[PDB]
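Just below is one structure, and these are the notes that go with it.
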Amino acid sequence: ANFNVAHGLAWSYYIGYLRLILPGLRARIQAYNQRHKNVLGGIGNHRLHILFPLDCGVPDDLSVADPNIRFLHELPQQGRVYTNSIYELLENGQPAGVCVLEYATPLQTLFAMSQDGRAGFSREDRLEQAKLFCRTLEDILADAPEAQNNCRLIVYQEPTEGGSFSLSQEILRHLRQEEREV
Amino acid sequence: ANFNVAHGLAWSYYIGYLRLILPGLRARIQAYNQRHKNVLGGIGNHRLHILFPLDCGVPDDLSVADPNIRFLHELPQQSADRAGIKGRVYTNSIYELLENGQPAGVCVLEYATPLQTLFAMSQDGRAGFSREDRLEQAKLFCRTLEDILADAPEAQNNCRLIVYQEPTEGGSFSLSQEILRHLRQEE
Ligand SMILES: Nc1nc2c(ncn2[C@@H]2O[C@@H]3COP(=O)(O)O[C@H]4[C@@H](O)[C@H](n5cnc6c(=O)[nH]c(N)nc65)O[C@@H]4COP(=O)(O)O[C@H]3[C@H]2O)c(=O)[nH]1
């Protein structure tokens with residue numbers, strides 16, 4: 001079995017998803033702000049933030065396990081449906097940020113492959129595939145400049161949940177980086 | 001520009017879709033029948049039928065592809081929290097297959113979506129990915145996925161892969177007939 005999947009994962013994720021949703025994301029965020037203007041407040045950061053745990057451990061629990069990352073509200077679409085997610089970030093127990101946030105789902109493909117009990121695909125093979133996946137997507141996004149102005153990758157080595165690594169602080173650092181550039 | 005994507009497409013389609021959708025499919029079909037069999041009619045075949053056109057872009061819609069394929073009804077949706085998305089929707093449709101202007105078959109039917117990904121890749125103006133490349137990647141995608149399913153017996157028993165060529169001078173191939181032949185063999 002050939003386990004060189006990273007190129008397929010990167011082009012699939014770009015062609016089948018990021019290429020399709022990134023052009024209209026800003027307008028959907030702006031619409032949401034306007035719909036909820038006097039009530040729910042405004043999301044100022046208009047980029048999709050894509051979490052990329054190199055260990056490929058991607059949770060499906062909407063981060064309820066991490067009390068400093070909380071699901072706020074769906075970002076509605078615009079019968080296969082493409083919606084996104086607004087999350088609140090907390091710091092020292094207090095609200096600290098709000099952004100459109102999600103995980104790179106194809107990392108879960110890499111995880112299952114290393115966890116499925118087949119022979120030639122270890123945790124070590126997985127990490128090299130995750131890195132190649134990451135690098136290929138970045139190279140792709142680096143030639144689709146309308147997409148990379150709408151999208152930021154948050155790449156990190158630690159477990160997304162558990163231990164002393166704070167994913168919330170990591171995201172917040174990226175939000176402040178982006179705030180600086182605009 | 002490295003466009004060897006087929007192996008990744010197959011693993012992605014298996015883990016990210018087939019492994020997730022097939023275990024609950026029979027229960028959704030049973031719910032469909034419980035709600036509709038006494039009026040609209042029920043479905044006897046409980047398997048997902050997945051179409052793999054090797055040498056033509058996946059049509060935008062199955063009735064456009066063949067006038068003898070008619071949309072019947074959607075199954076109850078499958079909703080799930082997925083990688084930060086609340087209630088991501090996975091949906092499947094039942095179609096009627098017509099023969100001599102009469103429904104002759106009914107089943108849960110869809111195209112293999114990675115073949116749409118390959119088609120899109122071939123139409124984006126990028127150099128080094130011709131229709132020839134697309135066709136080779138489509139066959140390798142199909143082969144690898146069947147390779148994977150051969151070690152996944154429950155998944156193999158819950159879906160049927162309908163793999164076919166299509167003539168590009170046309171007229172000598174009916175897609176409904178091709179699906180009907182498979183349905184009649186399953187029984
Ligand atoms: N929030 C959100 N993200 C999305 C949606 N669709 C695609 N993506 C993202 O883009 C990746 C690639 O999509 P793909 O090219 O269609 O490639 C997909 C596709 O070929 C198949 N697949 C996934 N979902 C569906 C589905 O609802 N229906 C069908 N027929 N196939 C699906 O499995 C492949 C891998 O799926 P994933 O592992 O999930 O990985 C997906 C996922 O990360 C969506 O509707 N909502």
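Ligands are counted one by one from 1 in listed order, and the atoms in each one are counted from 1 as well. Order of the sequence lines sets the chain letters (A, B, ...), proteins ahead of strands, with each chain counted from 1.
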Quick check on the hydrophobic clustering: are B:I85 and A:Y14 connected, directly or via other members, by side-chain heavy-atom contacts under 4.5 Å?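 No: no chain of side-chain contacts under 4.5 Å links B:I85 to A:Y14.
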
Are A:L127 and B:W11 in one and the same hydrophobic cluster, where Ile, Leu, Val, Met, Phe, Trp and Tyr link if side-chain heavy atoms are under 4.5 Å apart?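 Yes, one cluster joins them.
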
Among side-chain atoms of B:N92 and B:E110, is any donor-acceptor pair under 3.5 angstrom?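 Checked: B:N92/B:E110 side chains pair up, N/O donor to acceptor below 3.5 Å.
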
Indicate every side-chain donor-acceptor pair of residues 146-155 of chain B with a distance under 3.5 Å to a residue at least two apart or in another chain.
none

For [atom], grab the closest protein heavy atom and report residue, atom and distance to one decimal in Å.
atom: atom 43 (O) of ligand 1; result: A:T105 CB, 3.2 Å
atom: atom 11 (C) of ligand 1; result: A:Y13 CD1, 3.9 Å
atom: atom 40 (O) of ligand 1; result: A:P106 CG, 3.9 Å
atom: atom 15 (O) of ligand 1; result: A:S12 OG, 3.4 Å
atom: atom 38 (O) of ligand 1; result: B:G16 CA, 3.6 Å
atom: atom 45 (O) of ligand 1; result: A:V81 O, 3.0 Å
atom: atom 1 (N) of ligand 1; result: B:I85 CG1, 3.1 Å
atom: atom 7 (C) of ligand 1; result: A:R80 NH2, 3.6 Å

Quick one: do B:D81 and B:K86 make a salt bridge, cutoff under 4.0 Å?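 No, this pair does not count.
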
Atoms of ligand 1 close to [X] [distance to a heavy atom under 4.0 angstrom, numbered from 1]:
X: B:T117; value: 15 (O)
X: A:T83; value: 1 (N)
X: B:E110; value: 30 (N)

What donor-acceptor contacts under 3.5 angstrom involve side-chain atoms of residues 169-177 of chain A, with partners at least two apart or in another chain?
unit_1 : atom_1 : unit_2 : atom_2 : d
A:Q169 : NE2    : A:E91  : OE2    : 3.0
A:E170 : OE1    : A:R173 : NH1    : 2.9
A:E170 : OE2    : A:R173 : NH1    : 3.2
A:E170 : OE2    : A:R173 : NH2    : 2.6
A:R176 : NH2    : A:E91  : OE1    : 3.3

Tell me the nearest of A:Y17, B:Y17, B:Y90 to atom 33 (O) of ligand 1, using heavy-atom distances.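 Of the listed residues, B:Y17 has the closest heavy atom.
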
Measure from atom 39 (O) of ligand 1 to every heavy atom in B:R82, B:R88, A:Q108 and give the option owning the shortest one.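 Among B:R82, B:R88, A:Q108, the closest heavy atom to atom 39 (O) of ligand 1 belongs to B:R88.
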
Do B:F173 and B:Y164 make the cut of ring centroids closer than 6.0 angstrom?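 Yes, close enough.
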
Taking the six-membered ring for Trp, are B:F141 and B:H7 ring centroids under 6.0 Å apart?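 No.
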
Might you work through the side chain to side chain contact (heavy atoms under 4.5 Å, CB included) test for A:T83 and B:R88, ending with a clear yes or no? CA-CA 8 Å; A:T83 72; B:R88 178 170 162 187; over 6 Å; no

